[PDB]
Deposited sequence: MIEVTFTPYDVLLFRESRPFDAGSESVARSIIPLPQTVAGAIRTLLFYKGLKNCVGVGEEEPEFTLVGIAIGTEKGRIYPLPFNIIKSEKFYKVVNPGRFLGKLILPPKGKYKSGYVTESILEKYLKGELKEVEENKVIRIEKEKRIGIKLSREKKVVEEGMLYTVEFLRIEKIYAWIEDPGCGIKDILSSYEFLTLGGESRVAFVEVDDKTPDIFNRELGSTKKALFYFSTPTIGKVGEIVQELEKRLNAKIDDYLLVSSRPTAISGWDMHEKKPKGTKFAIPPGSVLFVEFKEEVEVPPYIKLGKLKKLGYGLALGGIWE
């Protein structure tokens, strides 16, 4: 796995990254992966994450509710055999640092301090609104397109804005975690995941080859996924995704070894469906 870090300067962000690289290979002759006239490329964009001066940050999980000067982590309750989330206040949005997200995934986070939750600074322009983001991280699995060696010959790429490029050949620690085994696992969607809840779960089952007795999806409102269809000269058909920050609480029949990360849903190659493994009590 290669890690690409984009530093921007003046479709969703995931596809933008994916497409930015496809276009690069195209003009650079290596069209053997651009996937001309195809939805997905040959290589797979495992996922994308954003960053600020503090480094990589993630959407605050939806089961973490503000309660006075603290953001309390709310875990699953139970009623008549069904996994539920007890009522405890509206979800206020914001971001969290990778450090904090890790404690949360390990089940060691009870609450997060108010000044620890990050709010991304917007920026109007003429009308259009953008986020004052400092870095964009991209994880790519290259089956043999030589993306790493091509990117390492460029400092600047086009995302029509421009971005400085840095390609590190090493999978990030977030994807190398050792969660252990348990029946109470969770999956944090770090990128929009396209699919029906029931489908995602099945796939999850036939993928970790286990059975799921019960699950609870803590989310908000579907993310509308657009995109352009070059050959059709029209906009892609709208798809609705489970938004980043959503948590799939799962209760396995027989213990499972929780993978640090796992992809689910459609458009995997474009960066969608990146779920990060977690645990709960």
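No C-alpha positions are given in the record for the deposited-sequence stretches 11 to 31, 148 to 164, 198 to 200.
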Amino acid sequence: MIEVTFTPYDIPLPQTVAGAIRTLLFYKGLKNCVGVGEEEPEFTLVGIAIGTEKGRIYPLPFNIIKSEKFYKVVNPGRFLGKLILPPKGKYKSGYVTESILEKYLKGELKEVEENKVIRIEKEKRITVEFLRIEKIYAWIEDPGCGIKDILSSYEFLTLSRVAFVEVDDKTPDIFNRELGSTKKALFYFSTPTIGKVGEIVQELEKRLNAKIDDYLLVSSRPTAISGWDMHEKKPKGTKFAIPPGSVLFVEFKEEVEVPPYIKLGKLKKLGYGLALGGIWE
From here on, numbers count along this sequence of modelled residues.
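Taking the PDB entry as given, 107 to 115 carries the higher mean Cα B factor of the two stretches 93 to 101 and 107 to 115.
Taking the PDB entry as given, 77 to 85 carries the higher mean Cα B factor of the two stretches 77 to 85 and 185 to 193. Among 136, 174, 131, 140, the highest C-alpha B-factor recorded in the PDB entry belongs to 131. Per the PDB record, residue ranking by Cα B-factor puts residue 17 in the middle third of the chain. Split the chain's modelled residues into thirds by C-alpha temperature factor. Residue 71 is in the middle one. Ranked by C-alpha B-factor against the other modelled residues of its chain, residue 237 falls in the middle third. In the PDB entry, a CA B factor belonging to the lowest third of its chain's modelled residues is recorded for residue 262. Among the modelled residues of its chain, residue 27 has a C-alpha B-factor that falls in the highest third according to the deposited record.
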